[PDB]
Amino acid sequence: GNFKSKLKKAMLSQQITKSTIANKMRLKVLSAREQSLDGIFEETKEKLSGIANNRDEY
Amino acid sequence: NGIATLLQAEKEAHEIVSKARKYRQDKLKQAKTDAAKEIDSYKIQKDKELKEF
């Protein structure tokens with residue numbers, strides 16, 4: 001039974017390796033989504049400062 | 001009596017043989033350790049198969 005339990009540990013270890021990679025991959029896409037979004041807001045920072053520099057429509 | 005003392009010596013020899021029976025069990029306990037090792041060897045073979053997988 002201990003050998004069977006050791007074999008079950010390998011299955012859990014194999015699941016652990018698969019689970020760690022699967023979770024990391026999902027957050028990598030989300031991190032890229034936020035990084036892409038942070039670029040959009042970063043571009044909005046310049047436009048907001050650009051509107052101020054006009055001093056006519058501002 | 002002398003005959004009774006000799007009988008007691010035979011009983012003492014049987015008592016020594018009774019002690020030797022425990023030694024015989026102790027001698028058989030060496031095979032028990034081998035049997036226990038064989039039990040672990042079977043688990044080791046099962047573990048080796050699990051390790052291979």
# chains A, B, ... in the order shown; residues from 1 in each chain; ligands from 1

$ interface_residues --of "chain B" --to "chain A" --cutoff "9 Å" --atoms "only C-alpha atoms" --output "list in words"
residues 43, 44, 46, 47, 48, 49, 50, 51 and 53 of chain B

$ write_last_selection --atoms "N, CA, C and O atoms" --output "compact mmCIF listing (two decimals), in the first residue's frame"
# COMPACT_ATOMS: atom_id res chain seq x y z
N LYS B 43 7.65 -4.90 -2.12
CA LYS B 43 7.29 -3.49 -2.16
C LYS B 43 8.30 -2.69 -2.97
O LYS B 43 7.92 -1.76 -3.70
N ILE B 44 9.58 -3.02 -2.85
CA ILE B 44 10.61 -2.34 -3.63
C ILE B 44 10.39 -2.58 -5.12
O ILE B 44 10.52 -1.65 -5.94
N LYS B 46 7.48 -3.26 -6.49
CA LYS B 46 6.31 -2.45 -6.79
C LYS B 46 6.67 -0.97 -6.85
O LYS B 46 6.18 -0.24 -7.72
N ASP B 47 7.52 -0.51 -5.93
CA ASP B 47 7.97 0.87 -5.96
C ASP B 47 8.80 1.15 -7.21
O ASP B 47 8.70 2.22 -7.81
N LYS B 48 9.64 0.19 -7.61
CA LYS B 48 10.42 0.35 -8.83
C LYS B 48 9.52 0.46 -10.06
O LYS B 48 9.78 1.27 -10.95
N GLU B 49 8.47 -0.35 -10.11
CA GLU B 49 7.50 -0.22 -11.20
C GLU B 49 6.80 1.13 -11.15
O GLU B 49 6.59 1.76 -12.20
N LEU B 50 6.44 1.60 -9.95
CA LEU B 50 5.88 2.93 -9.82
C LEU B 50 6.90 4.00 -10.19
O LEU B 50 6.56 5.00 -10.83
N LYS B 51 8.16 3.81 -9.79
CA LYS B 51 9.21 4.75 -10.15
C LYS B 51 9.41 4.80 -11.66
O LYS B 51 9.62 5.88 -12.23
N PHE B 53 7.14 4.18 -13.98
CA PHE B 53 6.02 4.95 -14.50
C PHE B 53 6.18 6.43 -14.16
O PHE B 53 5.88 7.30 -15.00

$ atom_distance --atom1 "CA of residue 54 in chain A" --atom2 "CA of residue 36 in chain A"
28.2 Å

$ atom_distance --atom1 "CA of residue 15 in chain A" --atom2 "CA of residue 42 in chain B"
27.1 Å

$ decode --residues "range 18-32 of chain B" --atoms "N, CA, C and O atoms" --output "short mmCIF file (atom, residue, chain, number, x, y, z; two decimals), in the first residue's frame"
data_model
loop_
_atom_site.label_atom_id
_atom_site.label_comp_id
_atom_site.auth_asym_id
_atom_site.auth_seq_id
_atom_site.Cartn_x
_atom_site.Cartn_y
_atom_site.Cartn_z
N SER B 18 14.14 -26.54 25.85
CA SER B 18 13.07 -25.55 25.80
C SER B 18 13.63 -24.16 25.58
O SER B 18 13.06 -23.36 24.82
N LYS B 19 14.74 -23.83 26.25
CA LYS B 19 15.44 -22.59 25.95
C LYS B 19 16.00 -22.61 24.53
O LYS B 19 15.98 -21.59 23.83
N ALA B 20 16.51 -23.76 24.09
CA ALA B 20 16.98 -23.89 22.71
C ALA B 20 15.83 -23.78 21.72
O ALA B 20 16.05 -23.39 20.57
N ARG B 21 14.62 -24.15 22.14
CA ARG B 21 13.46 -23.95 21.27
C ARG B 21 13.23 -22.47 20.99
O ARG B 21 12.91 -22.09 19.86
N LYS B 22 13.39 -21.63 22.01
CA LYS B 22 13.38 -20.19 21.78
C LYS B 22 14.55 -19.77 20.90
O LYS B 22 14.40 -18.91 20.02
N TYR B 23 15.72 -20.38 21.11
CA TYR B 23 16.84 -20.15 20.21
C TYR B 23 16.54 -20.67 18.81
O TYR B 23 16.93 -20.06 17.81
N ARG B 24 15.85 -21.81 18.72
CA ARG B 24 15.39 -22.30 17.43
C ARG B 24 14.41 -21.31 16.80
O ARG B 24 14.46 -21.06 15.59
N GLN B 25 13.50 -20.75 17.61
CA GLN B 25 12.66 -19.67 17.13
C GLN B 25 13.49 -18.44 16.78
O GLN B 25 13.22 -17.76 15.79
N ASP B 26 14.51 -18.15 17.59
CA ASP B 26 15.44 -17.08 17.26
C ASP B 26 16.20 -17.40 15.98
O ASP B 26 16.45 -16.52 15.15
N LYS B 27 16.59 -18.67 15.80
CA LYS B 27 17.18 -19.09 14.54
C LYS B 27 16.17 -18.95 13.40
O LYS B 27 16.53 -18.51 12.30
N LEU B 28 14.91 -19.31 13.65
CA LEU B 28 13.86 -19.08 12.66
C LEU B 28 13.53 -17.60 12.52
O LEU B 28 12.98 -17.20 11.48
N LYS B 29 13.85 -16.78 13.52
CA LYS B 29 13.64 -15.34 13.40
C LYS B 29 14.56 -14.73 12.35
O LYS B 29 14.23 -13.69 11.77
N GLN B 30 15.71 -15.35 12.10
CA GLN B 30 16.57 -14.90 11.01
C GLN B 30 15.86 -15.06 9.67
O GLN B 30 15.96 -14.19 8.80
N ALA B 31 15.15 -16.18 9.48
CA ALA B 31 14.33 -16.33 8.29
C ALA B 31 13.16 -15.35 8.29
O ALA B 31 12.73 -14.90 7.22
N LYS B 32 12.64 -15.01 9.47
CA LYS B 32 11.59 -14.00 9.55
C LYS B 32 12.09 -12.65 9.07
O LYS B 32 11.37 -11.92 8.38
#
